[PDB]
Amino acid sequence: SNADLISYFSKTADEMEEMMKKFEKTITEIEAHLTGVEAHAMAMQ
Amino acid sequence: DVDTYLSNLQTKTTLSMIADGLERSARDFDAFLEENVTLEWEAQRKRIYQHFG
């Protein structure tokens with residue numbers, strides 16, 4: 001069964017590999033959003 | 001109170017928000033002048049109404 005768990009670990013890896021991309025996406029969004037927050041406050045002031 | 005303050009907070013310099021007071025004043029002055037000139041037209045018409053009798 002030692003040859004079986006390899007797929008499992010590589011699977012967890014493959015899964016997380018995109019979760020990181022999600023993190024990047026959300027980060028980029030957060031940047032893009034707060035950049036707007038600045039403007040909103042910049043108008044509000 | 002602090003919870004709502006942090007929830008409705010924006011990431012931006014504070015000295016820029018207070019500055020908006022200048023813009024707001026520049027936008028209020030117009031309406032204030034319009035009220036001046038309307039209460040003035042009113043006053044004038046009133047004095048004419050007291051001149052004719």
# chains A, B, ... in the order shown; residues from 1 in each chain; ligands from 1

$ closest_atom_pairs --of "chain B" --to "chain A" --cutoff "10 Å" --atoms "only C-alpha atoms" --output "JSON lines"
{"residue": "B:9", "atom": "CA", "partner": "A:37", "partner_atom": "CA", "distance": 8.8}
{"residue": "B:10", "atom": "CA", "partner": "A:37", "partner_atom": "CA", "distance": 5.6}
{"residue": "B:11", "atom": "CA", "partner": "A:38", "partner_atom": "CA", "distance": 6.0}
{"residue": "B:12", "atom": "CA", "partner": "A:38", "partner_atom": "CA", "distance": 5.2}
{"residue": "B:13", "atom": "CA", "partner": "A:38", "partner_atom": "CA", "distance": 8.4}
{"residue": "B:14", "atom": "CA", "partner": "A:45", "partner_atom": "CA", "distance": 8.8}
{"residue": "B:15", "atom": "CA", "partner": "A:45", "partner_atom": "CA", "distance": 8.9}
{"residue": "B:16", "atom": "CA", "partner": "A:45", "partner_atom": "CA", "distance": 6.3}
{"residue": "B:17", "atom": "CA", "partner": "A:45", "partner_atom": "CA", "distance": 3.3}
{"residue": "B:18", "atom": "CA", "partner": "A:45", "partner_atom": "CA", "distance": 5.4}
{"residue": "B:19", "atom": "CA", "partner": "A:45", "partner_atom": "CA", "distance": 6.0}
{"residue": "B:20", "atom": "CA", "partner": "A:45", "partner_atom": "CA", "distance": 3.7}
{"residue": "B:21", "atom": "CA", "partner": "A:45", "partner_atom": "CA", "distance": 6.5}
{"residue": "B:22", "atom": "CA", "partner": "A:45", "partner_atom": "CA", "distance": 8.9}
{"residue": "B:23", "atom": "CA", "partner": "A:45", "partner_atom": "CA", "distance": 8.3}
{"residue": "B:24", "atom": "CA", "partner": "A:45", "partner_atom": "CA", "distance": 8.5}

$ atom_distance --atom1 "CA of residue 24 (chain A)" --atom2 "CA of residue 5 (chain A)"
28.7 Å

$ decode --residues "region 4-29 of chain A" --atoms "N, CA, C and O atoms" --output "CSV table (one decimal), in the first residue's frame"
chain,number,residue,atom,x,y,z
A,4,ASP,N,0.4,3.3,-2.9
A,4,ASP,CA,-1.0,3.9,-3.0
A,4,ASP,C,-1.1,5.3,-2.5
A,4,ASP,O,-1.8,6.1,-3.0
A,5,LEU,N,-0.5,5.5,-1.3
A,5,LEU,CA,-0.6,6.8,-0.6
A,5,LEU,C,0.1,7.9,-1.4
A,5,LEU,O,-0.1,9.1,-1.1
A,6,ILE,N,1.0,7.5,-2.3
A,6,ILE,CA,1.7,8.5,-3.1
A,6,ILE,C,0.7,9.3,-3.9
A,6,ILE,O,0.9,10.6,-4.0
A,7,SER,N,-0.3,8.7,-4.5
A,7,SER,CA,-1.3,9.4,-5.2
A,7,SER,C,-2.1,10.3,-4.3
A,7,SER,O,-2.4,11.5,-4.6
A,8,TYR,N,-2.3,9.9,-3.0
A,8,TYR,CA,-3.0,10.7,-2.0
A,8,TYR,C,-2.2,11.9,-1.7
A,8,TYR,O,-2.8,13.0,-1.7
A,9,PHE,N,-0.9,11.8,-1.4
A,9,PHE,CA,-0.1,12.9,-1.1
A,9,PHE,C,0.0,13.9,-2.3
A,9,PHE,O,-0.2,15.1,-2.1
A,10,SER,N,0.3,13.3,-3.4
A,10,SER,CA,0.4,14.1,-4.6
A,10,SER,C,-0.9,14.8,-5.0
A,10,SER,O,-1.0,15.8,-5.5
A,11,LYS,N,-2.0,14.1,-4.5
A,11,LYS,CA,-3.4,14.7,-4.7
A,11,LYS,C,-3.5,15.9,-3.8
A,11,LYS,O,-4.0,16.9,-4.3
A,12,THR,N,-3.2,15.7,-2.5
A,12,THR,CA,-3.3,16.9,-1.6
A,12,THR,C,-2.5,18.0,-2.1
A,12,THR,O,-2.9,19.2,-2.1
A,13,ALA,N,-1.3,17.7,-2.6
A,13,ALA,CA,-0.4,18.7,-3.3
A,13,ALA,C,-1.1,19.4,-4.4
A,13,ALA,O,-1.2,20.6,-4.5
A,14,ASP,N,-1.6,18.6,-5.4
A,14,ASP,CA,-2.3,19.1,-6.5
A,14,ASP,C,-3.5,20.0,-6.1
A,14,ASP,O,-3.7,21.0,-6.8
A,15,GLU,N,-4.2,19.6,-5.1
A,15,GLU,CA,-5.3,20.4,-4.6
A,15,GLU,C,-4.9,21.7,-4.0
A,15,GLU,O,-5.4,22.8,-4.4
A,16,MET,N,-3.9,21.7,-3.1
A,16,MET,CA,-3.4,22.9,-2.5
A,16,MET,C,-2.8,23.8,-3.5
A,16,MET,O,-2.8,25.1,-3.4
A,17,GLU,N,-2.2,23.3,-4.6
A,17,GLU,CA,-1.5,24.0,-5.6
A,17,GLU,C,-2.4,25.1,-6.2
A,17,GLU,O,-2.0,26.1,-6.7
A,18,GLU,N,-3.8,24.8,-6.2
A,18,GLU,CA,-4.7,25.8,-6.7
A,18,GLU,C,-5.2,26.7,-5.6
A,18,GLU,O,-5.5,27.8,-5.8
A,19,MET,N,-5.3,26.1,-4.3
A,19,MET,CA,-5.7,26.9,-3.2
A,19,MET,C,-4.8,28.1,-3.0
A,19,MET,O,-5.2,29.2,-2.7
A,20,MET,N,-3.5,27.9,-3.3
A,20,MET,CA,-2.5,29.0,-3.4
A,20,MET,C,-2.9,30.0,-4.4
A,20,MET,O,-2.8,31.2,-4.2
A,21,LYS,N,-3.3,29.5,-5.6
A,21,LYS,CA,-3.8,30.4,-6.7
A,21,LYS,C,-5.0,31.2,-6.2
A,21,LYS,O,-5.2,32.4,-6.5
A,22,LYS,N,-5.9,30.6,-5.5
A,22,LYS,CA,-7.1,31.2,-4.9
A,22,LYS,C,-6.6,32.3,-4.0
A,22,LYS,O,-7.1,33.4,-4.0
A,23,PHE,N,-5.6,32.0,-3.1
A,23,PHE,CA,-5.1,33.0,-2.2
A,23,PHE,C,-4.5,34.2,-3.1
A,23,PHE,O,-4.9,35.3,-2.7
A,24,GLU,N,-3.8,33.9,-4.1
A,24,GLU,CA,-3.3,35.0,-5.0
A,24,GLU,C,-4.4,35.8,-5.5
A,24,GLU,O,-4.4,37.1,-5.5
A,25,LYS,N,-5.5,35.1,-6.1
A,25,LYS,CA,-6.6,35.8,-6.6
A,25,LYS,C,-7.3,36.7,-5.6
A,25,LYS,O,-7.4,37.9,-5.9
A,26,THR,N,-7.7,36.2,-4.5
A,26,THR,CA,-8.3,37.0,-3.4
A,26,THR,C,-7.4,38.1,-3.0
A,26,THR,O,-7.9,39.2,-2.7
A,27,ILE,N,-6.1,37.9,-2.9
A,27,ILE,CA,-5.2,39.0,-2.5
A,27,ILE,C,-5.3,40.1,-3.6
A,27,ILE,O,-5.5,41.2,-3.2
A,28,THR,N,-5.1,39.7,-4.8
A,28,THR,CA,-5.2,40.7,-5.9
A,28,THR,C,-6.6,41.5,-5.9
A,28,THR,O,-6.6,42.7,-6.1
A,29,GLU,N,-7.6,40.7,-5.6
A,29,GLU,CA,-8.9,41.4,-5.4
A,29,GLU,C,-8.9,42.4,-4.3
A,29,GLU,O,-9.4,43.5,-4.4
